[PDB]
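Data block below; observations after.
Within every chain, numbering begins at 1; the chains are lettered A, B, ... in the order of the sequence lines, protein sequences first and strands thereafter. Side chains are part of it too, since the values below use all heavy atoms of this structure and drop only hydrogens, waters and symmetry mates.
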Protein chains: 2
Amino acid sequence: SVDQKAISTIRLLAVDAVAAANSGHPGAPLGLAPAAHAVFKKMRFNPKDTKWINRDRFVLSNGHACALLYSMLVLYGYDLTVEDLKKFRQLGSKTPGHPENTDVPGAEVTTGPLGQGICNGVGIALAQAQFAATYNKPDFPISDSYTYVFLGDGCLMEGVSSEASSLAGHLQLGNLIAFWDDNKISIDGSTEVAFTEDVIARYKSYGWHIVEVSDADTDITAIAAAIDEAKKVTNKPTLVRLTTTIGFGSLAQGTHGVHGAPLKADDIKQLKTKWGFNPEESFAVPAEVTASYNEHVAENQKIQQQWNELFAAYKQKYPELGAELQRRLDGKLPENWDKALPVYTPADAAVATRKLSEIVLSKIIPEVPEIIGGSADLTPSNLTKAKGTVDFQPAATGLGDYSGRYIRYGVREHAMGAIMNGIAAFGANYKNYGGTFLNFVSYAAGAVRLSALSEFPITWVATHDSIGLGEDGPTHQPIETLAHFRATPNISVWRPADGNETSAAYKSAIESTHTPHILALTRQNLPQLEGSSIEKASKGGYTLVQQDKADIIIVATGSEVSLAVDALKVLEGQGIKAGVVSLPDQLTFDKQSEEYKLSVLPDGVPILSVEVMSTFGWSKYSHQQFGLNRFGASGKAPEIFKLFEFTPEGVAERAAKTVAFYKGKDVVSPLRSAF
Amino acid sequence: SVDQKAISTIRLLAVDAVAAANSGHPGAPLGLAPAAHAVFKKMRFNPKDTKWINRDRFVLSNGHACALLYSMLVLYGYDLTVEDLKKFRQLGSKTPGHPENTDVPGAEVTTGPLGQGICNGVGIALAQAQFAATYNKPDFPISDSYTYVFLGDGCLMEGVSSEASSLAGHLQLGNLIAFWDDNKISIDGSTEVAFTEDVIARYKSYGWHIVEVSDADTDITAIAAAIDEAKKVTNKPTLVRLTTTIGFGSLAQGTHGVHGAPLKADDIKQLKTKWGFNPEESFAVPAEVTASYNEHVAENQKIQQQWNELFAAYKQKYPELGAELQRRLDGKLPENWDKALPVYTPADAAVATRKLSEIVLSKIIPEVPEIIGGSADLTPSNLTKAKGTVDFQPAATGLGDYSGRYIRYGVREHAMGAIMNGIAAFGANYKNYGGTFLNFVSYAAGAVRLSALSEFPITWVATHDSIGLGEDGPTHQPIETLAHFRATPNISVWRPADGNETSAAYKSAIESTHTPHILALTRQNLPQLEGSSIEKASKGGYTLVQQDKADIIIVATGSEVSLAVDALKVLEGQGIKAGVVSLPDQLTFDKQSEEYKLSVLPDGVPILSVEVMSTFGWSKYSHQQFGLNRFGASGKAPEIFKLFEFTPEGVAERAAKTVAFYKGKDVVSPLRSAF
Ligand SMILES: *CCCOP(=O)(O)OP(=O)(O)O
Ligand SMILES: *CCCOP(=O)(O)OP(=O)(O)O
Ligand SMILES: Cc1nccc(N)n1
Ligand SMILES: Cc1nccc(N)n1
Ligand SMILES: [Ca+2]
Ligand SMILES: [Ca+2]
C-alpha cells in the first residue's frame, strides 16, 4: 500500500542520511517510522507556516533519532530538502546531529539531552491549556491543538521526566499524548541491566491514561486508534506504549549496535530489496508517497484557512480580546507597558530585591496578559505570586483554573526549567518565569543551558542569592552559580542592587525575545542608591558615582554596590578618591558600544571588583577582584559578611592596596585586549 | 512511659533549638520524633566510634529537619551537647542549619538540598552489599548493617530521588529501609496543590516493599514492627509510609506555617505543659531518658566489642583478606599501587584520553580492590569497564553479583553523582567513579557540589570534553562546564593532554581523601608529548617546553597542549620564541608553593592561555586568553577546530598579537596580586 511505501521511504531516508554522514543513529528511526507516519497523518500543521498558533506540536524527545524527524519534514515539504539530508551532521548544515529549533524548520525545541523534550511537551501543553482558557469562546475554538511527544527508555530513566510527568498528571493535561519507544535496548545493552521498573504502573500512579500497542513495528491501524482513544480522555495525559524492534528490518535489529552507529552497506542493500526499493539508489522518494503526503498538507492548509476566518470573526465579536490576541501573535508587548514598572528615589526605604521583584510582578502581571509563571515550592520565599491572581490548575480540583496565571511546580526545579522552555516554545508572546533559590537553579542546569541554546526568553526569579541568606548555611549559599551561568553563551544574569535596577532587570527580561534571564535577588534589605535609574541600569553597567580624579574605580553588583558606596566614604578619609560602577548585567553591558563601555571602565585608573561569590569572569572588567572563592557558613548574615571582610573597611583596605600595587605602573582598561 | 518521655524530650529539644536561633524548622522534627526514637532504638551504633564499619547508617534526607538529628545525637552522647544545640544556626557552631558531615559528628552525609540524602542512602546500601559480598565468609558476618533514611514530600518530588529509587529497586537492595514523612504539607501549602500522585503505587512499580503506619504520631510499636518486617524482605528496599501531623502538638500543627519558622512562645509553653515538662524551662533532658538511651549505647558497644573479636578471628582464618580489610579500614592504599599506572614516551602512538583512561582502569582495578565504579548508560563510549570484571547486580538476575565492581547506573547522571557520594560515605577506603559525557555532568550539579562541600573523593570520568567530539553538535559540546566546576571550591578538574598526564590524573583521583575529581577526557586522539611525565604532571601545572629567552609563554590544557606545541613551531618561523606550560589541574597547581608556581608562570613575559571552552578563570594564569565563548557546531571535529581558528596558525597569530600588545610595557606574572 502507499502507507507501507511511505513507512519504507521514511526508514530508508533515515538510514541513507546516517550512511552519508557515517555518523548517527539508525535504530530508533527504523523502529519508530510506522508511528511517525501514523502520528503525522493525524496532526494538523502547515509546512509553509511553521508558526500557525493552532497547529498540533510534535516533539522528538529522543533527539538522537532526528534522522527520523528530518525525514518527516522533508517528505511533508517543510523548508528542508533531500539535499539537506545528504548533509546530515555536516558543518553548517540544516540537519545537525540533534535537532535545534533555531536552525531546523519544524523543530519546536532543541533536544538531544535526554529527558528534556517530554518536559518541553508538558510546557507546550500547559501553555495551550492556558491560552485556550484565556481566548476560547462559544463557537470560537481559537485553540484546540494537541502536543505529541516521542520518547525512549533513556528519557524515562532521567529524573527530569519523572518530575514533569508527575506534574502533568496532576494538571490533567488531556491534550498531551506521548509515545514510548518500548524497544528494550539502550546504549549499555538490554534494559534488563538497569531499567526493570514497571513503567506503565508508574505512569498510572501519576494519573496518566495508558494505551498499549503490542505490534508497533507494523500496526499503524492500532497506533491511529490509540491516538483516537487518547483524544477521548480529556482529563489525563496519555502514554502510548509502542512495542518496537530497534533497527527493525536490519540484519542487526534488536541489538544495541544499531542504536548509535551506521549500518553496514550490505545490510542497507537487503533492507532496500525486501521493501521493494532499488539497492543501488539512495535518498529515494517515491512520487506516490509525495502525493499522499501532499494531500494531507492540502487538507491541513484548508483547516488553517478556516481558522484564519474564525479568527477574523472572533475579532468582530470580541474586539478587545481579538486585538490582544493579534498583538501577541505579532510578537509585540502592550504599548508603553513599561510605564507600569516601579521607580524609586534615594529617599525611599531599603527593600530586599526579592520583595522589589514581587512588587514589579504585582504591577506588570495585570497589564501584560502573556506573563505567566510559578515557583518550585518556594512561593512565600521567592515572592513570585501576585496577590489576587488564581493558580493554573484544572477546575476539577477546585484549586484554580486553566485561565490561571500562577503555576505550583512543586519541588521540581529541573522540570520547571524545561517546562518554561516549552511554554516559550508554544509562542503567542508568552513571557514566563520560574522561582527558586539561586543555588538550586543549578538543579536545572540541563534545561537552563537549552534555554540559552534555543534562544528562549524565559526568566528565573532566583532569590536568596548569597551568604546574605544567613542561617540556612553553605548548602544553600551560591558561590559558583553566577560564574557558571555567565560563562554560558546567551544568558542575561541580572543582579540588581536596588529598586530601579530591579525594574530595569524586568524590563530586559520581559522585552527579551531570544535571551533567557536569571534574576539574582536578595533575601536581605538593600538601600535605594543615589544615582541609579532604569535608564542607566538598562545599559547593563553604568557609572553610579563619577569621580574625575579617581585613584580607583570600584565595580560591583547587587548587594555589593551599597558596600562599595560605603567604602568610598572610608577611602575619602584615607585620602583616596574612588568612583563606583554598578554592573547589574554583564551580558547587556558587553553588548553596548565600545565607546560606552570605555566611558564606564576607562583607561588610566585601577579597577577593583567586589561581589560576594566567585571571582571568575571579573577580570573582564577589573584589574583586581575581591570575591568569595570558598563555601559559606551557617549564621546570621551580617556576621558572615564580617567574617569574610565584606565590610566598608575590608573593601577600602583592598582598594588602598590596589592603588599602591599600581603606583608607578601604566594602567589600561580591562576592556582592552590583544585580539 | 520512659519511651513517651523520650519522644517529648526529642520534640522539645528541637523546638527549643529553633526558638534559641529564631530560625529553622520545627514542624518535621515534631512529626518525626516518634519514628526517630523507634529507629534509633533499633540501630546499632557507637557514639564514641562514629566510624565503626558495621554500624547501621542513618540519613536525614529532609535535612531542614536537622534539629531532630542533632537532638538524637545529643541524647545518645555523640560529641555534641545541649550547649551546641543552644548554638543552632549560629556562626561557627557544631549545629549548622543543615547537617554537614565535615562538621557534625554522626552526620553521615551533607543534606539540605532536597532529594540528595535518599540517593546517598542508596549508595551507602550499595557499598554495604558490595563490601559484604567481598569480605563475608561462613561464620564471619563482617558486614551486615542496614541503611535507614528519613525523607519528606519534597524529596519525593525531586527527580534525582526517582532515579535512585528505580535503580535501588532494580538492585534489590534489601538492607535499605526508608521512611516517608507523609504529612501532606510542603512550603507552598497542601500537597494537593502540586503532588497528587500515588507515591505507594510508584514505589511498588520500582520493586520496593511497602509498609504503612497509619498513626505514626504515636504508634512506635507499629514503627518498630515495620522495621522488623522490612528486615525479613531481603531482596527489596522498603518504604515505610509514616502518616504524621506536621508540627504535632503545636497549636499550629498540620499547617505550612510550622514547616519553616519558629513557634510562638505561648505555643511552646502549652507543648511543655501537656507533655509534663516545665514551661519555664528550655533544653530539658530528663535523667530517665538519658538512662534509657545509655542502656542502648552500652548494648551497642558490646556488639561492637564482639565484632572486633570476630574481625580478629577473621584475620586468623583468612589472612590475606583480613590484611586487605585492615589496610582499607586504616585508610591506606596498597603499597606502591601506583607502579601499575601506565607510562608513555613520545615514541608511543597517539591515543584519545578516554582510551588512556580505560587503560589505566584496566591496570589499577585488579590491584586496588576498593575501586568500584560505573557509567550512566555510556559504557562503550566512556570506556569505563575493565574487561574481565563482573557487574554489580543481584545474583538473582543472572547479570552480575554483589561482589561485582562495575555499576550499570542507566541514564541517571544526577543519582549516579549522589550515589557516588553515598559509596564514599560508607568508608572502607572506597575510591569510586562514574562515567558520562562531560556536558552531562551538569545534570548532576546538585550532587557534584555536595561532593566538594562534603569532601568526598569521588571521580567523574567525563569523556567527550569539547567540540572535539564532532558530529553530535552543540547540545553535547561543553563550553561553560569546566569554568563552573573550577569555580566551585574543592574540585580537582583534570584535563590531561596525553598518556602520562592521564596517569597523573588518576594518581591524584585515587589518592584523594577529601577532594572530588572530574577527569575531562577526549573522544579524539592526542599525541604523546615531549616533556610530559607523571612526576611533572602531578604538580598540576608544569613547564613542558622551557625557553630561556621567551617572547611569550603559552599555557594550555588537554587537547590544546599539542596545539600550543605546534604553534611554537609556526612562531619560530616568525622570529618569536615561545615556551609552553601544561596545566592539567588548576586546583593542584594552585596548591603548590608560590616559588614553584612562579617558576612555571614567571614575571617579565606575556602569557597566553589556550583552551577550547570558556575563558573564565584563565586570567589567574595568563594575560590574554584564547578560548571558545559561544556554542559549538555539528560537523567533523577537525572542521570545527578550523572554523574557530583553533589551529597552529590561529594560535600563533594571537600569540604574535600578544607579543605586540605588550611591547614597551612592564609585565608581571598573572600570579601576582594586590591582596
Ligand atoms: C529519550 C530516550 C531514548 O533512550 P534510548 O533507549 O537509549 O534510545 P535507543 O534509540 O532505543 O537506543
Ligand atoms: C526531603 C523532603 C521534605 O519535603 P517537605 O514536605 O517540603 O518538608 P516538610 O517538613 O514536611 O514541610
Ligand atoms: C542527559 C543525557 N545523558 C546521556 C546522553 C544524552 N544524550 N543525554
Ligand atoms: C533542591 C532544593 N530545592 C528547594 C529547597 C531545597 N532545600 N532543596
Ligand atoms: Ca531504547
Ligand atoms: Ca511534607
Heavy-atom pairs under 4.5 Å with chain B are the metric here; pick the option from [options] that has the most.
options	value
A:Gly112, A:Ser161, A:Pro113, A:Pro380	A:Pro113
A:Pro474, A:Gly159, A:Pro489	A:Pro489
A:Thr488, A:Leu453, A:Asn490, A:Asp103	A:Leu453
A:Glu192, A:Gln624, A:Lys657	A:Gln624
A:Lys204, A:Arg486, A:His64	A:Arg486
A:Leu91, A:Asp377, A:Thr196, A:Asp198	A:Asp377

Engaged part of [X] at the chain A interface, taking heavy atoms whose separation is under 4.5 Å:
X	result
B:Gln90	both
B:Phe626	both
B:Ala452	both
B:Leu643	side chain
B:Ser186	both
B:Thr110	side chain
B:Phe195	both
B:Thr111	backbone
B:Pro670	neither
B:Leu608	side chain
B:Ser162	side chain
B:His414	side chain
B:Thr475	both
B:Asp153	neither

Practice task
Using the six-membered ring wherever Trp is involved, compare the ring planes of B:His98 and A:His476 and label them parallel, tilted or perpendicular (cut-offs 30° and 60°).
Solution key: parallel
Practice task
Measure the acute angle between the ring planes of A:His484 and B:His484, then classify it against the limits of 30° and 60° as parallel, tilted or perpendicular.
Solution key: parallel
Handout entry: Structural part of A:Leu399 lying under 4.5 Å from a heavy atom of chain B
Key =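 Interface part for A:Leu399: side chain.
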Do [X] and [Y] have side chains that get closer than 4.5 Å, going by heavy atoms?
X	Y	answer
B:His25	A:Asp472	yes
A:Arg202	B:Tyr206	yes
A:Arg449	B:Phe631	yes

So which residue, [options], ends up with the most heavy-atom pairs under 4.5 Å with chain A?
options	value
B:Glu413, B:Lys385, B:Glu100	B:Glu413
B:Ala376, B:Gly473, B:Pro96, B:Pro606	B:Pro96
B:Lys636, B:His623, B:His256, B:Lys87	B:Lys636
B:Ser23, B:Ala201, B:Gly400	B:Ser23
B:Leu114, B:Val160, B:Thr95	B:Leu114
B:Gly446, B:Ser619, B:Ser166, B:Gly617	B:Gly617

Practice task
Could I get the full list of salt bridge (charged side-chain N to carboxylate O under 4.0 Å, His left out) partners for B:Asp590, not counting sequence neighbours?
Solution key: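 Partners of B:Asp590 by the salt bridge (charged side-chain N to carboxylate O under 4.0 Å, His left out) criterion, ordered by chain and then number, come out as B:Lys620.
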Problem - Residues which pass salt bridge (charged side-chain N to carboxylate O under 4.0 Å, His left out) with B:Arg408, listed by chain and number, not counting sequence neighbours - result: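 If we apply the salt bridge (charged side-chain N to carboxylate O under 4.0 Å, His left out) test to B:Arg408, skipping adjacent residues, the hits are A:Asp188, B:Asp391.
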Practice task
Go through the side-chain N and O atoms of B:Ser205 and A:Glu197 and say whether any donor and acceptor fall under 3.5 Å apart.
Solution key: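 Short answer, no.
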[X] to [Y] - nearest heavy-atom pair and separation:
X	Y	answer
B:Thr658	A:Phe675	OG1-CE2, 3.5 Å
B:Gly97	A:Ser634	N-OG, 2.9 Å
B:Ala674	A:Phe661	CB-CB, 3.6 Å
B:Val411	A:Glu158	CG1-OE2, 3.2 Å

Practice task
Would you sort out whether A:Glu471 and B:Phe88 count as a side-chain contact (heavy atoms from CB on, under 4.5 Å), showing the intermediate values?
Solution key: CA-CA 9 Å; A:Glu471 290 93 329; B:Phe88 182 54; over 6 Å; no
Fill in the blank from the handout: Here the gap from B:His170 atom NE2 to A:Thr191 atom OG1, rounded to the nearest 0.5 Å, amounts to 10.0 Å
